[PDB]
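As stored in work_23.pdb (PDB, N, CA and C atoms):
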```pdb
ATOM      1  N   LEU A  22      80.921  83.008 124.415
ATOM      2  CA  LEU A  22      79.788  82.426 123.661
ATOM      3  C   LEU A  22      79.808  82.899 122.211
ATOM      4  N   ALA A  23      79.507  81.975 121.296
ATOM      5  CA  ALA A  23      79.495  82.241 119.857
ATOM      6  C   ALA A  23      80.871  82.659 119.342
ATOM      7  N   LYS A  24      80.952  82.871 118.040
ATOM      8  CA  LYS A  24      82.172  83.340 117.403
ATOM      9  C   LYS A  24      81.825  84.425 116.394
ATOM     10  N   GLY A  25      82.747  84.712 115.491
ATOM     11  CA  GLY A  25      82.500  85.698 114.469
ATOM     12  C   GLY A  25      82.533  87.102 115.020
ATOM     13  N   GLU A  26      81.369  87.720 115.118
ATOM     14  CA  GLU A  26      81.282  89.100 115.569
ATOM     15  C   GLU A  26      80.975  89.163 117.060
ATOM     16  N   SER A  27      80.697  88.008 117.653
ATOM     17  CA  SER A  27      80.408  87.939 119.077
ATOM     18  C   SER A  27      81.697  87.945 119.893
ATOM     19  N   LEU A  28      82.817  87.700 119.229
ATOM     20  CA  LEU A  28      84.110  87.703 119.890
ATOM     21  C   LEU A  28      85.094  88.536 119.068
ATOM     22  N   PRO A  29      85.250  89.821 119.442
ATOM     23  CA  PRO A  29      86.151  90.779 118.805
ATOM     24  C   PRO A  29      87.434  90.171 118.233
ATOM     25  N   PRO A  30      87.633  90.318 116.916
ATOM     26  CA  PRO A  30      88.853  89.904 116.239
ATOM     27  C   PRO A  30      89.932  90.984 116.311
ATOM     28  N   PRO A  31      91.161  90.606 116.680
ATOM     29  CA  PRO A  31      92.304  91.528 116.712
ATOM     30  C   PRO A  31      92.702  91.981 115.303
ATOM     31  N   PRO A  32      93.640  92.940 115.186
ATOM     32  CA  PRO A  32      94.167  93.387 113.886
ATOM     33  C   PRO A  32      95.056  92.332 113.227
ATOM     34  N   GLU A  33      94.499  91.145 113.069
ATOM     35  CA  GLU A  33      95.208  90.001 112.503
ATOM     36  C   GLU A  33      95.626  90.269 111.062
ATOM     37  N   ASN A  34      94.788  90.993 110.336
ATOM     38  CA  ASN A  34      95.030  91.254 108.924
ATOM     39  C   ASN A  34      95.902  92.491 108.746
ATOM     40  N   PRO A  35      96.922  92.401 107.875
ATOM     41  CA  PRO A  35      97.768  93.534 107.501
ATOM     42  C   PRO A  35      96.949  94.766 107.123
ATOM     43  N   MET A  36      95.950  94.563 106.272
ATOM     44  CA  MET A  36      95.084  95.650 105.844
ATOM     45  C   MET A  36      93.928  95.832 106.821
ATOM     46  N   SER A  37      94.236  96.402 107.978
ATOM     47  CA  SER A  37      93.222  96.709 108.975
ATOM     48  C   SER A  37      92.390  97.901 108.508
ATOM     49  N   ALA A  38      91.217  98.075 109.103
ATOM     50  CA  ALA A  38      90.264  99.072 108.647
ATOM     51  C   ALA A  38      90.829 100.465 108.818
ATOM     52  N   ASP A  39      91.481 100.695 109.944
ATOM     53  CA  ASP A  39      92.053 101.997 110.202
ATOM     54  C   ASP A  39      93.455 102.073 109.619
ATOM     55  N   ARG A  40      94.097 100.913 109.512
ATOM     56  CA  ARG A  40      95.439 100.830 108.957
ATOM     57  C   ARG A  40      95.437 101.353 107.525
ATOM     58  N   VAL A  41      94.430 100.942 106.762
ATOM     59  CA  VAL A  41      94.274 101.395 105.388
ATOM     60  C   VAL A  41      94.105 102.913 105.341
ATOM     61  N   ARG A  42      93.417 103.462 106.340
ATOM     62  CA  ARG A  42      93.179 104.899 106.387
ATOM     63  C   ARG A  42      94.484 105.648 106.607
ATOM     64  N   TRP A  43      95.263 105.224 107.604
ATOM     65  CA  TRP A  43      96.530 105.885 107.927
ATOM     66  C   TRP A  43      97.453 105.857 106.711
ATOM     67  N   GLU A  44      97.428 104.751 105.984
ATOM     68  CA  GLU A  44      98.237 104.621 104.784
ATOM     69  C   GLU A  44      97.816 105.648 103.733
ATOM     70  N   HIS A  45      96.534 106.015 103.721
ATOM     71  CA  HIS A  45      96.039 106.902 102.698
ATOM     72  C   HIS A  45      96.376 108.319 103.103
ATOM     73  N   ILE A  46      96.386 108.542 104.416
ATOM     74  CA  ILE A  46      96.742 109.830 104.991
ATOM     75  C   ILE A  46      98.161 110.209 104.599
ATOM     76  N   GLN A  47      99.028 109.217 104.551
ATOM     77  CA  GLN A  47     100.438 109.451 104.290
ATOM     78  C   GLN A  47     100.668 109.784 102.826
ATOM     79  N   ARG A  48     100.105 108.972 101.942
ATOM     80  CA  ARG A  48     100.294 109.155 100.505
ATOM     81  C   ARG A  48      99.761 110.510 100.034
ATOM     82  N   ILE A  49      98.745 111.034 100.710
ATOM     83  CA  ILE A  49      98.233 112.351 100.367
ATOM     84  C   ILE A  49      99.035 113.445 101.067
ATOM     85  N   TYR A  50      99.357 113.226 102.338
ATOM     86  CA  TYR A  50     100.093 114.207 103.132
ATOM     87  C   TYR A  50     101.429 114.536 102.467
ATOM     88  N   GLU A  51     101.995 113.548 101.781
ATOM     89  CA  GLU A  51     103.229 113.737 101.030
ATOM     90  C   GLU A  51     102.994 114.577  99.773
ATOM     91  N   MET A  52     101.970 114.224  98.998
ATOM     92  CA  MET A  52     101.757 114.840  97.688
ATOM     93  C   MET A  52     101.215 116.267  97.801
ATOM     94  N   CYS A  53     100.437 116.549  98.839
ATOM     95  CA  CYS A  53      99.880 117.885  99.015
ATOM     96  C   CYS A  53     100.826 118.757  99.831
ATOM     97  N   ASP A  54     101.961 118.175 100.210
ATOM     98  CA  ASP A  54     102.968 118.848 101.029
ATOM     99  C   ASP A  54     102.362 119.352 102.338
ATOM    100  N   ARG A  55     101.876 118.404 103.136
ATOM    101  CA  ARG A  55     101.396 118.669 104.491
ATOM    102  C   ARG A  55     100.092 119.470 104.519
ATOM    103  N   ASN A  56      99.350 119.466 103.419
ATOM    104  CA  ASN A  56      98.036 120.099 103.402
ATOM    105  C   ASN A  56      97.021 119.183 104.082
ATOM    106  N   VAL A  57      96.711 119.493 105.333
ATOM    107  CA  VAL A  57      95.812 118.670 106.134
ATOM    108  C   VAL A  57      94.394 118.677 105.563
ATOM    109  N   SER A  58      94.028 119.769 104.899
ATOM    110  CA  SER A  58      92.696 119.896 104.325
ATOM    111  C   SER A  58      92.513 118.928 103.157
ATOM    112  N   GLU A  59      93.483 118.899 102.241
ATOM    113  CA  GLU A  59      93.433 117.971 101.113
ATOM    114  C   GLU A  59      93.455 116.543 101.620
ATOM    115  N   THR A  60      94.302 116.299 102.608
ATOM    116  CA  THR A  60      94.458 114.975 103.172
ATOM    117  C   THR A  60      93.133 114.461 103.734
ATOM    118  N   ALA A  61      92.517 115.236 104.615
ATOM    119  CA  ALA A  61      91.259 114.839 105.241
ATOM    120  C   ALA A  61      90.152 114.651 104.209
ATOM    121  N   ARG A  62      90.163 115.471 103.170
ATOM    122  CA  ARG A  62      89.131 115.403 102.144
ATOM    123  C   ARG A  62      89.368 114.189 101.255
ATOM    124  N   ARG A  63      90.632 113.842 101.097
ATOM    125  CA  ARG A  63      91.035 112.709 100.278
ATOM    126  C   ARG A  63      90.928 111.414 101.083
ATOM    127  N   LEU A  64      90.839 111.570 102.396
ATOM    128  CA  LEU A  64      90.630 110.455 103.310
ATOM    129  C   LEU A  64      89.145 110.309 103.626
ATOM    130  N   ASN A  65      88.372 111.314 103.211
ATOM    131  CA  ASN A  65      86.941 111.400 103.509
ATOM    132  C   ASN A  65      86.725 111.512 105.015
ATOM    133  N   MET A  66      87.108 112.658 105.563
ATOM    134  CA  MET A  66      87.019 112.903 106.995
ATOM    135  C   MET A  66      87.054 114.395 107.275
ATOM    136  N   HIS A  67      86.863 114.734 108.531
ATOM    137  CA  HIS A  67      86.901 116.110 108.976
ATOM    138  C   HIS A  67      88.352 116.533 109.204
ATOM    139  N   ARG A  68      88.635 117.824 109.064
ATOM    140  CA  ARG A  68      89.997 118.332 109.221
ATOM    141  C   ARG A  68      90.547 117.948 110.597
ATOM    142  N   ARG A  69      89.677 117.989 111.605
ATOM    143  CA  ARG A  69      90.044 117.596 112.964
ATOM    144  C   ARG A  69      90.474 116.132 113.018
ATOM    145  N   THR A  70      89.801 115.288 112.238
ATOM    146  CA  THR A  70      90.116 113.865 112.184
ATOM    147  C   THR A  70      91.550 113.650 111.725
ATOM    148  N   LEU A  71      91.896 114.258 110.600
ATOM    149  CA  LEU A  71      93.243 114.172 110.056
ATOM    150  C   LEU A  71      94.241 114.727 111.071
ATOM    151  N   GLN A  72      93.894 115.872 111.649
ATOM    152  CA  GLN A  72      94.750 116.546 112.618
ATOM    153  C   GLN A  72      95.020 115.665 113.822
ATOM    154  N   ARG A  73      93.971 115.105 114.404
ATOM    155  CA  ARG A  73      94.120 114.277 115.591
ATOM    156  C   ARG A  73      94.978 113.056 115.289
ATOM    157  N   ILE A  74      94.795 112.495 114.102
ATOM    158  CA  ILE A  74      95.579 111.353 113.656
ATOM    159  C   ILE A  74      97.064 111.719 113.568
ATOM    160  N   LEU A  75      97.352 112.910 113.056
ATOM    161  CA  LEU A  75      98.725 113.411 113.005
ATOM    162  C   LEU A  75      99.216 113.741 114.411
ATOM    163  N   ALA A  76      98.323 114.333 115.189
ATOM    164  CA  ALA A  76      98.659 114.908 116.481
ATOM    165  C   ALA A  76      98.898 113.847 117.554
ATOM    166  N   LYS A  77      98.358 112.651 117.363
ATOM    167  CA  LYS A  77      98.611 111.563 118.300
ATOM    168  C   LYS A  77      99.952 110.872 118.022
ATOM    169  N   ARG A  78     100.550 111.145 116.866
ATOM    170  CA  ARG A  78     101.823 110.519 116.508
ATOM    171  C   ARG A  78     102.948 111.551 116.454
ATOM    172  N   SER A  79     102.621 112.785 116.810
ATOM    173  CA  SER A  79     103.595 113.872 116.841
ATOM    174  C   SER A  79     103.223 114.881 117.924
ATOM    175  N   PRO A  80     104.205 115.630 118.454
ATOM    176  CA  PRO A  80     103.960 116.650 119.485
ATOM    177  C   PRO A  80     103.378 117.940 118.900
ATOM    178  N   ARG A  81     102.637 117.794 117.814
ATOM    179  CA  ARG A  81     102.079 118.922 117.091
ATOM    180  C   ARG A  81     100.560 118.938 117.224
TER     181      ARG A  81
END
```

Step by step, read the file and then write its structure as structure tokens.
Amino acid sequence: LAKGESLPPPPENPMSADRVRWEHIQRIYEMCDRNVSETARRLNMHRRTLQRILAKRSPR
């Protein structure tokens, strides 16, 4: 029933909401040389947030 927000849209767009975030995590993670604190702060998130994002894509 209905459309728009009544029927969940897939990640159809290249610039997904979280996709943009992960991209920002990388550009900072590179420049701060793996400083998770700078990354999370530059991503506007908690250190755990940045960590979990890294930790789900690595055995770390």

Problem - Residue contacts of range 63-75 of chain A (8 Å, only N, CA and C atoms) excluding same-chain residues fewer than 3 positions away, as a ChimeraX atom specification - result: /A:42-43,45-46,49,57-60,78-81

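Here atom C of residue 39 in chain A is placed at a distance of 22.2 Å from atom C of residue 24 in chain A.
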
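If you look at CA of residue 25 in chain A and atom C of residue 38 in chain A, they are 17.9 Å away from each other.
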
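Reported to one decimal place, the separation of CA of residue 56 in chain A from CA of residue 77 in chain A is 17.2 Å.
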
Report as a PDB file with N, CA and C atoms, keeping the file's coordinate frame: the residues of chain A with a DSSP assignment of alpha helix (DSSP H), based on the backbone of this structure.
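This is the output file out.pdb:
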```pdb
ATOM      1  N   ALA A  38      91.217  98.075 109.103  1.00  0.00           N
ATOM      2  CA  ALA A  38      90.264  99.072 108.647  1.00  0.00           C
ATOM      3  C   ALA A  38      90.829 100.465 108.818  1.00  0.00           C
ATOM      4  N   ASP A  39      91.481 100.695 109.944  1.00  0.00           N
ATOM      5  CA  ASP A  39      92.053 101.997 110.202  1.00  0.00           C
ATOM      6  C   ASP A  39      93.455 102.073 109.619  1.00  0.00           C
ATOM      7  N   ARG A  40      94.097 100.913 109.512  1.00  0.00           N
ATOM      8  CA  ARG A  40      95.439 100.830 108.957  1.00  0.00           C
ATOM      9  C   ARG A  40      95.437 101.353 107.525  1.00  0.00           C
ATOM     10  N   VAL A  41      94.430 100.942 106.762  1.00  0.00           N
ATOM     11  CA  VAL A  41      94.274 101.395 105.388  1.00  0.00           C
ATOM     12  C   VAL A  41      94.105 102.913 105.341  1.00  0.00           C
ATOM     13  N   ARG A  42      93.417 103.462 106.340  1.00  0.00           N
ATOM     14  CA  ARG A  42      93.179 104.899 106.387  1.00  0.00           C
ATOM     15  C   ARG A  42      94.484 105.648 106.607  1.00  0.00           C
ATOM     16  N   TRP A  43      95.263 105.224 107.604  1.00  0.00           N
ATOM     17  CA  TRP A  43      96.530 105.885 107.927  1.00  0.00           C
ATOM     18  C   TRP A  43      97.453 105.857 106.711  1.00  0.00           C
ATOM     19  N   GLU A  44      97.428 104.751 105.984  1.00  0.00           N
ATOM     20  CA  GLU A  44      98.237 104.621 104.784  1.00  0.00           C
ATOM     21  C   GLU A  44      97.816 105.648 103.733  1.00  0.00           C
ATOM     22  N   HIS A  45      96.534 106.015 103.721  1.00  0.00           N
ATOM     23  CA  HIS A  45      96.039 106.902 102.698  1.00  0.00           C
ATOM     24  C   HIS A  45      96.376 108.319 103.103  1.00  0.00           C
ATOM     25  N   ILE A  46      96.386 108.542 104.416  1.00  0.00           N
ATOM     26  CA  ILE A  46      96.742 109.830 104.991  1.00  0.00           C
ATOM     27  C   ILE A  46      98.161 110.209 104.599  1.00  0.00           C
ATOM     28  N   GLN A  47      99.028 109.217 104.551  1.00  0.00           N
ATOM     29  CA  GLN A  47     100.438 109.451 104.290  1.00  0.00           C
ATOM     30  C   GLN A  47     100.668 109.784 102.826  1.00  0.00           C
ATOM     31  N   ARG A  48     100.105 108.972 101.942  1.00  0.00           N
ATOM     32  CA  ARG A  48     100.294 109.155 100.505  1.00  0.00           C
ATOM     33  C   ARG A  48      99.761 110.510 100.034  1.00  0.00           C
ATOM     34  N   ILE A  49      98.745 111.034 100.710  1.00  0.00           N
ATOM     35  CA  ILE A  49      98.233 112.351 100.367  1.00  0.00           C
ATOM     36  C   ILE A  49      99.035 113.445 101.067  1.00  0.00           C
ATOM     37  N   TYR A  50      99.357 113.226 102.338  1.00  0.00           N
ATOM     38  CA  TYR A  50     100.093 114.207 103.132  1.00  0.00           C
ATOM     39  C   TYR A  50     101.429 114.536 102.467  1.00  0.00           C
ATOM     40  N   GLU A  51     101.995 113.548 101.781  1.00  0.00           N
ATOM     41  CA  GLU A  51     103.229 113.737 101.030  1.00  0.00           C
ATOM     42  C   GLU A  51     102.994 114.577  99.773  1.00  0.00           C
ATOM     43  N   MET A  52     101.970 114.224  98.998  1.00  0.00           N
ATOM     44  CA  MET A  52     101.757 114.840  97.688  1.00  0.00           C
ATOM     45  C   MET A  52     101.215 116.267  97.801  1.00  0.00           C
ATOM     46  N   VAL A  57      96.711 119.493 105.333  1.00  0.00           N
ATOM     47  CA  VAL A  57      95.812 118.670 106.134  1.00  0.00           C
ATOM     48  C   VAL A  57      94.394 118.677 105.563  1.00  0.00           C
ATOM     49  N   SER A  58      94.028 119.769 104.899  1.00  0.00           N
ATOM     50  CA  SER A  58      92.696 119.896 104.325  1.00  0.00           C
ATOM     51  C   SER A  58      92.513 118.928 103.157  1.00  0.00           C
ATOM     52  N   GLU A  59      93.483 118.899 102.241  1.00  0.00           N
ATOM     53  CA  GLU A  59      93.433 117.971 101.113  1.00  0.00           C
ATOM     54  C   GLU A  59      93.455 116.543 101.620  1.00  0.00           C
ATOM     55  N   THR A  60      94.302 116.299 102.608  1.00  0.00           N
ATOM     56  CA  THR A  60      94.458 114.975 103.172  1.00  0.00           C
ATOM     57  C   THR A  60      93.133 114.461 103.734  1.00  0.00           C
ATOM     58  N   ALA A  61      92.517 115.236 104.615  1.00  0.00           N
ATOM     59  CA  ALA A  61      91.259 114.839 105.241  1.00  0.00           C
ATOM     60  C   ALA A  61      90.152 114.651 104.209  1.00  0.00           C
ATOM     61  N   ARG A  62      90.163 115.471 103.170  1.00  0.00           N
ATOM     62  CA  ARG A  62      89.131 115.403 102.144  1.00  0.00           C
ATOM     63  C   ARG A  62      89.368 114.189 101.255  1.00  0.00           C
ATOM     64  N   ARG A  63      90.632 113.842 101.097  1.00  0.00           N
ATOM     65  CA  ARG A  63      91.035 112.709 100.278  1.00  0.00           C
ATOM     66  C   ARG A  63      90.928 111.414 101.083  1.00  0.00           C
ATOM     67  N   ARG A  68      88.635 117.824 109.064  1.00  0.00           N
ATOM     68  CA  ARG A  68      89.997 118.332 109.221  1.00  0.00           C
ATOM     69  C   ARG A  68      90.547 117.948 110.597  1.00  0.00           C
ATOM     70  N   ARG A  69      89.677 117.989 111.605  1.00  0.00           N
ATOM     71  CA  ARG A  69      90.044 117.596 112.964  1.00  0.00           C
ATOM     72  C   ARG A  69      90.474 116.132 113.018  1.00  0.00           C
ATOM     73  N   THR A  70      89.801 115.288 112.238  1.00  0.00           N
ATOM     74  CA  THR A  70      90.116 113.865 112.184  1.00  0.00           C
ATOM     75  C   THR A  70      91.550 113.650 111.725  1.00  0.00           C
ATOM     76  N   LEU A  71      91.896 114.258 110.600  1.00  0.00           N
ATOM     77  CA  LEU A  71      93.243 114.172 110.056  1.00  0.00           C
ATOM     78  C   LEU A  71      94.241 114.727 111.071  1.00  0.00           C
ATOM     79  N   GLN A  72      93.894 115.872 111.649  1.00  0.00           N
ATOM     80  CA  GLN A  72      94.750 116.546 112.618  1.00  0.00           C
ATOM     81  C   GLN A  72      95.020 115.665 113.822  1.00  0.00           C
ATOM     82  N   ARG A  73      93.971 115.105 114.404  1.00  0.00           N
ATOM     83  CA  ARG A  73      94.120 114.277 115.591  1.00  0.00           C
ATOM     84  C   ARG A  73      94.978 113.056 115.289  1.00  0.00           C
ATOM     85  N   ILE A  74      94.795 112.495 114.102  1.00  0.00           N
ATOM     86  CA  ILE A  74      95.579 111.353 113.656  1.00  0.00           C
ATOM     87  C   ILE A  74      97.064 111.719 113.568  1.00  0.00           C
ATOM     88  N   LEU A  75      97.352 112.910 113.056  1.00  0.00           N
ATOM     89  CA  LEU A  75      98.725 113.411 113.005  1.00  0.00           C
ATOM     90  C   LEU A  75      99.216 113.741 114.411  1.00  0.00           C
ATOM     91  N   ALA A  76      98.323 114.333 115.189  1.00  0.00           N
ATOM     92  CA  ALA A  76      98.659 114.908 116.481  1.00  0.00           C
ATOM     93  C   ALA A  76      98.898 113.847 117.554  1.00  0.00           C
TER      94      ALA A  76
END
```

Written-out range 41-77 of chain A (N, CA and C atoms) as a CSV table (one decimal), in the first residue's frame:
```csv
chain,number,residue,atom,x,y,z
A,41,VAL,N,28.0,7.4,2.0
A,41,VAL,CA,28.7,8.6,2.1
A,41,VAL,C,29.6,8.7,3.4
A,42,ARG,N,29.0,8.1,4.5
A,42,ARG,CA,29.7,8.1,5.7
A,42,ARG,C,31.0,7.2,5.6
A,43,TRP,N,30.9,6.0,5.1
A,43,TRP,CA,32.0,5.1,5.0
A,43,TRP,C,33.1,5.8,4.1
A,44,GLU,N,32.7,6.5,3.1
A,44,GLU,CA,33.7,7.2,2.2
A,44,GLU,C,34.4,8.3,3.0
A,45,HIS,N,33.8,8.8,4.0
A,45,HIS,CA,34.4,9.9,4.8
A,45,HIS,C,35.3,9.4,5.8
A,46,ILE,N,35.0,8.2,6.3
A,46,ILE,CA,35.8,7.4,7.2
A,46,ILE,C,37.1,7.1,6.6
A,47,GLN,N,37.1,6.8,5.3
A,47,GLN,CA,38.3,6.4,4.7
A,47,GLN,C,39.3,7.6,4.4
A,48,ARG,N,38.7,8.6,3.9
A,48,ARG,CA,39.5,9.8,3.6
A,48,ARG,C,40.2,10.4,4.8
A,49,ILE,N,39.5,10.3,6.0
A,49,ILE,CA,40.1,10.7,7.2
A,49,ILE,C,41.1,9.7,7.8
A,50,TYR,N,40.7,8.4,7.8
A,50,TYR,CA,41.5,7.3,8.3
A,50,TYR,C,42.9,7.3,7.6
A,51,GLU,N,42.9,7.7,6.4
A,51,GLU,CA,44.2,7.8,5.6
A,51,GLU,C,45.0,9.0,6.1
A,52,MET,N,44.4,10.1,6.2
A,52,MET,CA,45.1,11.4,6.5
A,52,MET,C,45.6,11.4,8.0
A,53,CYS,N,44.8,10.9,8.9
A,53,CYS,CA,45.2,10.9,10.3
A,53,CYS,C,46.1,9.7,10.6
A,54,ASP,N,46.3,8.9,9.6
A,54,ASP,CA,47.1,7.6,9.8
A,54,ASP,C,46.5,6.7,10.9
A,55,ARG,N,45.3,6.3,10.6
A,55,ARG,CA,44.6,5.3,11.4
A,55,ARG,C,44.2,5.8,12.8
A,56,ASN,N,44.1,7.2,12.9
A,56,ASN,CA,43.6,7.7,14.2
A,56,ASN,C,42.1,7.6,14.2
A,57,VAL,N,41.6,6.7,14.9
A,57,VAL,CA,40.2,6.4,15.0
A,57,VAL,C,39.4,7.6,15.7
A,58,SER,N,40.1,8.3,16.6
A,58,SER,CA,39.5,9.4,17.3
A,58,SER,C,39.2,10.5,16.3
A,59,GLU,N,40.2,10.9,15.5
A,59,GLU,CA,40.0,12.0,14.5
A,59,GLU,C,39.0,11.6,13.5
A,60,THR,N,39.0,10.3,13.1
A,60,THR,CA,38.1,9.8,12.1
A,60,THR,C,36.6,10.0,12.6
A,61,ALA,N,36.4,9.4,13.8
A,61,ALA,CA,35.0,9.5,14.3
A,61,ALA,C,34.5,10.9,14.6
A,62,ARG,N,35.5,11.8,14.9
A,62,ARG,CA,35.1,13.2,15.2
A,62,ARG,C,34.9,13.9,13.9
A,63,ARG,N,35.6,13.5,12.9
A,63,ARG,CA,35.5,14.1,11.6
A,63,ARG,C,34.3,13.5,10.8
A,64,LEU,N,33.8,12.4,11.3
A,64,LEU,CA,32.6,11.7,10.8
A,64,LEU,C,31.4,12.1,11.6
A,65,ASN,N,31.6,12.8,12.7
A,65,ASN,CA,30.6,13.2,13.7
A,65,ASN,C,29.9,11.9,14.3
A,66,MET,N,30.7,11.2,15.1
A,66,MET,CA,30.2,9.9,15.7
A,66,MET,C,31.1,9.6,16.9
A,67,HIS,N,30.7,8.6,17.6
A,67,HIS,CA,31.4,8.1,18.7
A,67,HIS,C,32.5,7.2,18.3
A,68,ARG,N,33.6,7.1,19.1
A,68,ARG,CA,34.8,6.3,18.8
A,68,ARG,C,34.4,4.9,18.5
A,69,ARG,N,33.4,4.4,19.3
A,69,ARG,CA,32.9,3.0,19.1
A,69,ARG,C,32.3,2.9,17.7
A,70,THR,N,31.6,3.9,17.3
A,70,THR,CA,30.9,3.9,16.0
A,70,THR,C,32.0,3.6,14.9
A,71,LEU,N,33.0,4.4,14.9
A,71,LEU,CA,34.1,4.3,13.9
A,71,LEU,C,34.7,2.9,14.0
A,72,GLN,N,35.0,2.5,15.2
A,72,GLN,CA,35.6,1.2,15.5
A,72,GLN,C,34.8,0.1,15.0
A,73,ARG,N,33.5,0.1,15.3
A,73,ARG,CA,32.6,-1.0,14.8
A,73,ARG,C,32.6,-1.1,13.3
A,74,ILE,N,32.5,0.1,12.7
A,74,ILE,CA,32.6,0.2,11.2
A,74,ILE,C,33.8,-0.4,10.7
A,75,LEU,N,35.0,-0.2,11.3
A,75,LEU,CA,36.2,-0.8,10.9
A,75,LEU,C,36.2,-2.3,11.2
A,76,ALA,N,35.7,-2.6,12.4
A,76,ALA,CA,35.8,-3.9,13.0
A,76,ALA,C,34.9,-4.9,12.3
A,77,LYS,N,33.8,-4.4,11.6
A,77,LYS,CA,33.0,-5.3,10.8
A,77,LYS,C,33.6,-5.7,9.5
```
